[PDB]
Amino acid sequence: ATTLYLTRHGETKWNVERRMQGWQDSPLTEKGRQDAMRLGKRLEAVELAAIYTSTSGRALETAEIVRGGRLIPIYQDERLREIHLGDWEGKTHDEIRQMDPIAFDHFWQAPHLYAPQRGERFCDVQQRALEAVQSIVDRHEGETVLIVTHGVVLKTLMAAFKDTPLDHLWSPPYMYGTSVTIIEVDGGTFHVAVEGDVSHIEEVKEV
């Protein structure tokens, strides 16, 4: 019996510039911080026992804003990091299309076919993300917690819960920054109660 709130890091500078981050990072924009604060207000009534985040700067920064001074510990776990994108990190979509067009097409169109020389495949991410989630549940029986992570991680997790194949990884809804997803874990089963809700966000950008 555990309730899991899942969200994505707020808008960063590279998000705006359409630059892939991966394990690299960039600071939250003004909009990002605003959205993260809007989320913190939305959860002010929710009794969070803890907050888990990836070790990425943007994830941690989002988590601090949401906590907003409240007495809640923040734990960092590498298994919650966004997918490792090697050579693509720091580069724009056009720059990447110039480098490896086929792999780039697969990334977005045929996830199951994505197989880089340097970097993780979607299945590597799904496996470590699910382990982290299970470890969190194991430590919070009867409690409610918040998990601040990333886009691909969130998508691999929804795919696992909804029992869908990775080839359909990029299925709707789009996981916007600071969006709210709620998972109810009961009887050893993950039930998706809410997915990608953005009721608290003013201007929604597909970034």
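Counting begins at 1, following the sequence as shown.
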Which is higher on average in the deposited entry, the C-alpha temperature factors of 91-99 or of 74-82? 91-99
Once you work out the mean C-alpha B-factor for both 40-48 and 149-157 from the entry, which is higher? 40-48
Could you place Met175 in the lowest, middle or highest third of its chain by Cα temperature factor, using the values in the record? middle
Give the position of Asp25 by CA B-factor within its chain, expressed as the lowest, middle or highest third. lowest
Which third of the chain does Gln34 land in by C-alpha B-factor: lowest, middle or highest? highest
Pull the Cα B-factor of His168 out of the PDB entry and bin it into the chain's lowest, middle or highest third. highest
Mind checking which third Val192 falls in for C-alpha B-factor across the chain? middle
